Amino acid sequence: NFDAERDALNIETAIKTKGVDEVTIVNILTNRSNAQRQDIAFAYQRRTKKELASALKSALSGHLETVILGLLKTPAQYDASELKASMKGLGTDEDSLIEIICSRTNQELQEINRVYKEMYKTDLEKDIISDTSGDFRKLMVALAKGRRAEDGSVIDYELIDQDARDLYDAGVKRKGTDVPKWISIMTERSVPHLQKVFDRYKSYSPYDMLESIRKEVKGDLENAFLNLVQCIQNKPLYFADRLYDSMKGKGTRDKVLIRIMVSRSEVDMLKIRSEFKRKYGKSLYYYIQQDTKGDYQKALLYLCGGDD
């Protein structure tokens, strides 16, 4: 059914329509997979000899432009560009750097590292170093390598118990904190293993892993650990909470809302929606509908994939 040549022609017609037909552009692009959007971009240049991204940047504006241009990038290109943006200047937007590095898998990070180097002619690790310091830097650099252990064929209960005790003895039990121990265990063990470790951890500490972090460390280091533990425990819930935070109260933190809707639309949006509804009462669709307007709202609601 999909025909990149047909979609490209219709988009060209919309772009050249007096006043620009943003609706048609949104109706098409937010209802095509990332791979299909790539096919559409190639078809567009094949037909017009002009680049689709450039054409749309000129035709669109505001938040809608941000969403559409984001959707046109491959997943790795989008993440790489978002990382670059987070470290721009003094890299004050540590929250975004943390969101991406803490939530991406080994496979995703491998491609991100490759693409980042191709796009910016520099190692992602080097820019991360420039935008981080102390143990926060050590944690972020370790995570960005995307070398977390593979899932084992058999559950290692003795190791699970061992890691749980080490996490306790390294933090809540002693004065100060053995941060390197925390970094090693939380970056090197597989996610399923760590989920069990954090559960077993409750047998040694009166505070769960998250509260232990709030009591042991502070600043960006603390936020990085909190974000990482949430992604390990329940990634869809992690994104649901970030989405809620991006819309709660006056205004909207579009940078976060847009990035999550674009980057997770084809990954785990159904689960994100389920967790969102379960925790906040209203559907993600409802929150988006209430926090945004026009074609921008339309685009985000299509990426949401439906109401709950």
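All residue numbers refer to positions in the sequence shown, first residue = 1.
(request) Identify the stretch, either 259-267 or 278-286, whose C-alpha atoms have the larger mean B-factor according to the entry. (result) It is 278-286 that shows the higher mean C-alpha B-factor.
Test of understanding: from the entry's C-alpha B-factors, which stretch has the higher mean, 195-203 or 99-107? It is 195-203 that shows the higher mean C-alpha B-factor.
From 156, 135, 82, 222, residue of greatest CA B-factor | When the deposited C-alpha B-factors of 156, 135, 82, 222 are compared, 156 is largest.
Quiz for you: based on the deposited Cα B-factor, which of 73, 117, 235, 145 is highest? Spelled out: the listed residue with the top C-alpha B-factor is 117.
Chain-relative CA temperature factor third for residue 17
Its C-alpha B-factor, which the entry lists for residue 17, ranks in the highest third among residues of this chain.
- Message: Considering every modelled residue of the chain and its Cα B-factor in the PDB entry, is residue 210 in the lowest, middle or highest third?
- Response: Middle third of the chain for residue 210's C-alpha B-factor.
> If you rank the chain by CA B-factor, which third does residue 229 end up in: lowest, middle or highest?
Replying inline: Ranked within chain, residue 229 CA B lands in the lowest tercile.
Looking at the entry's B-factor column for C-alpha atoms only, identify whether residue 48 ranks in the lowest, middle or highest third of its chain. It falls in the middle third of the chain.
Discussion item. Looking at the temperature factor on the CA atom of residue 172, which third of the chain's modelled residues does it land in?
Written reply: Residue 172: CA B-factor falls in the highest third of its chain.
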